[PDB]
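Student: Before we start, here is the structure in question, set down as structure tokens.
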Amino acid sequence: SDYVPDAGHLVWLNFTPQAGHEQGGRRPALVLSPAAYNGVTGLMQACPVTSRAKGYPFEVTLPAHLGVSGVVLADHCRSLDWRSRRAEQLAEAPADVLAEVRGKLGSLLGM
Amino acid sequence: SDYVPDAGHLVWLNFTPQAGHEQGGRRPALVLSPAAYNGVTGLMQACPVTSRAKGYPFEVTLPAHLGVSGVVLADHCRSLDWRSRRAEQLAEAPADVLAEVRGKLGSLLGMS
């Protein structure tokens, strides 16, 4: 597989290893960084998806037609080695989901 | 200790556990998220620091007077449990360092 995650892709990823309250487990992830970075580093910035939604504003819902259950945890973005954590492409999020996640994460990061 | 990291703080932190090419090890970190978030979640967004720069543009040099030497790796920001990874405050980064890190990380994340 010559797959390289690109921005807006939803991929399956192992968020374990993690520490403490960091998100763990194999689950979908929304990729924010572009393939040009992801392919030259082997790393990406991505947000985990959970089915255990608490309903808070930093959870961004995925439209049902994508076939991916759960919500994007916009505040849980992290740098991830997507080959070690075995990324597998799943879907592509619509532009408005990507923009909403970025706006909320940007608020968190002080941008 | 009742310490809660705040945006701009430089803290000592263990970036291990990690996977693969992710940054690991005990080292300073620049906190980007605010104490209001960090204190309600027990998580924070922070970038690791290395004292051995590779010399690439997303590294942001810390000024010498801080007592924390090296470069902030702006592209390696991540959500971190700062209690599990044992954050300890070391210093406070100046505003221009924080703004430069945020501008570079924002470009990585695809923001405006």
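Going by the structure tokens order, chains are called A, B, ..., each with residues numbered from 1, while ligands are numbered from 1 in the order shown.
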What are the residues of chain B that have an atom within 6 Å of an atom of chain A, counting only C-alpha atoms, as a ChimeraX atom specification?

Tutor: /B:20-22,32-33,76,78-79,81,84,108-109

Student: Just list as a list in words whatever in chain B DSSP marks as helix (DSSP H, G or I).

Tutor: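 For chain B, the helix (DSSP H, G or I) set is residues 35, 36, 37, 38, 39, 40, 41, 64, 65, 66, 74, 75, 76, 95, 96, 97, 98, 99, 100, 101, 102, 103, 104, 105, 106, 107 and 108 of chain B.
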
Student: Between B:24, B:52, B:75, B:59, which one has atoms that come closest to residue 110 (chain B), using only C-alpha atoms?

Tutor: B:75

Student: As an exercise, work out the distance from CA of residue 47 (chain B) to CA of residue 31 (chain B) in Å and give it to one decimal place.

Tutor: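 Interatomic distance here is 6.7 Å.
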
Student: As a CSV table (one decimal) with N, CA, C and O atoms, in the first residue's frame, list the residues of region 14-66 of chain A assigned to strand (DSSP E) by DSSP on the backbone atoms of this structure.

Tutor:
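selection.csv, freshly written:
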chain,number,residue,atom,x,y,z
A,14,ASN,N,-4.7,3.3,15.5
A,14,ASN,CA,-4.5,2.8,16.9
A,14,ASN,C,-4.0,4.0,17.7
A,14,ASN,O,-2.8,4.4,17.6
A,26,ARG,N,-8.1,1.5,19.0
A,26,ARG,CA,-8.3,1.6,17.6
A,26,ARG,C,-9.6,2.2,17.2
A,26,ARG,O,-10.7,1.8,17.7
A,27,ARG,N,-9.6,3.3,16.4
A,27,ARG,CA,-10.8,4.0,16.2
A,27,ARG,C,-10.6,4.9,14.9
A,27,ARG,O,-9.4,5.0,14.5
A,28,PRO,N,-11.6,5.5,14.4
A,28,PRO,CA,-11.4,6.5,13.3
A,28,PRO,C,-10.6,7.7,13.7
A,28,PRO,O,-10.6,8.0,14.9
A,29,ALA,N,-10.0,8.4,12.8
A,29,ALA,CA,-9.3,9.6,13.1
A,29,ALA,C,-9.5,10.6,11.9
A,29,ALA,O,-9.4,10.1,10.7
A,30,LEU,N,-9.7,11.9,12.2
A,30,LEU,CA,-9.8,12.9,11.1
A,30,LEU,C,-8.4,13.5,10.9
A,30,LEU,O,-7.9,14.1,11.9
A,31,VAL,N,-7.9,13.4,9.7
A,31,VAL,CA,-6.5,13.9,9.5
A,31,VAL,C,-6.6,15.4,9.1
A,31,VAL,O,-7.4,15.8,8.3
A,43,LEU,N,4.6,11.2,9.8
A,43,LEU,CA,3.8,11.7,10.9
A,43,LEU,C,2.6,12.4,10.3
A,43,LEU,O,2.6,12.9,9.2
A,44,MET,N,1.5,12.6,11.2
A,44,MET,CA,0.4,13.4,10.8
A,44,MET,C,-0.2,14.0,12.0
A,44,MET,O,0.0,13.6,13.2
A,45,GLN,N,-1.0,15.1,11.9
A,45,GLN,CA,-1.8,15.7,12.9
A,45,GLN,C,-3.2,15.2,12.7
A,45,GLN,O,-3.8,15.4,11.6
A,46,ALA,N,-3.8,14.5,13.7
A,46,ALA,CA,-5.1,14.0,13.5
A,46,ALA,C,-5.9,13.9,14.8
A,46,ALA,O,-5.3,13.9,15.9
A,47,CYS,N,-7.2,14.0,14.7
A,47,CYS,CA,-8.2,14.0,15.8
A,47,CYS,C,-8.9,12.6,15.9
A,47,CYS,O,-9.4,12.1,14.9
A,48,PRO,N,-9.0,12.0,17.1
A,48,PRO,CA,-9.7,10.8,17.3
A,48,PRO,C,-11.2,11.0,17.2
A,48,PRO,O,-11.7,12.0,17.5
A,49,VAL,N,-11.9,9.9,16.8
A,49,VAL,CA,-13.3,9.8,16.8
A,49,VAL,C,-13.8,8.8,17.8
A,49,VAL,O,-13.2,7.8,18.0
A,50,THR,N,-14.8,9.2,18.6
A,50,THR,CA,-15.4,8.3,19.6
A,50,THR,C,-16.9,8.1,19.4
A,50,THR,O,-17.6,9.0,19.0
A,59,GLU,N,-17.0,18.3,20.4
A,59,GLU,CA,-17.3,17.1,19.6
A,59,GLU,C,-18.0,17.5,18.3
A,59,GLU,O,-19.0,18.2,18.4
A,60,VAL,N,-17.4,17.1,17.2
A,60,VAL,CA,-18.0,17.5,15.9
A,60,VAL,C,-18.6,16.3,15.3
A,60,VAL,O,-17.9,15.3,15.0
A,61,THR,N,-19.9,16.4,15.0
A,61,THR,CA,-20.6,15.2,14.5
A,61,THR,C,-20.2,14.9,13.1
A,61,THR,O,-20.0,15.8,12.3

Student: Rounded to one decimal in Å, what is the spacing between CA of residue 7 (chain B) and CA of residue 96 (chain B)?

Tutor: 12.9 Å

Student: Near residue 63 (chain B), counting only C-alpha atoms, which residues have an atom at most 12 Å away, once you skip same-chain residues fewer than 4 positions from it, shown as a list in words?

Tutor: residues 67, 68, 69, 70, 71, 72, 91, 92, 93, 94, 95, 96, 97 and 98 of chain B

Student: Considering only C-alpha atoms, state which residue in the set A:35, A:13, A:87, A:100 is at the smallest distance from residue 1 (chain A).

Tutor: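 So, comparing all the options, the nearest one is A:87.
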
Student: I'd like the interatomic distance between CA of residue 100 (chain B) and CA of residue 16 (chain B), to a tenth of an Å.

Tutor: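 Computing it gives 25.6 Å between the two atoms.
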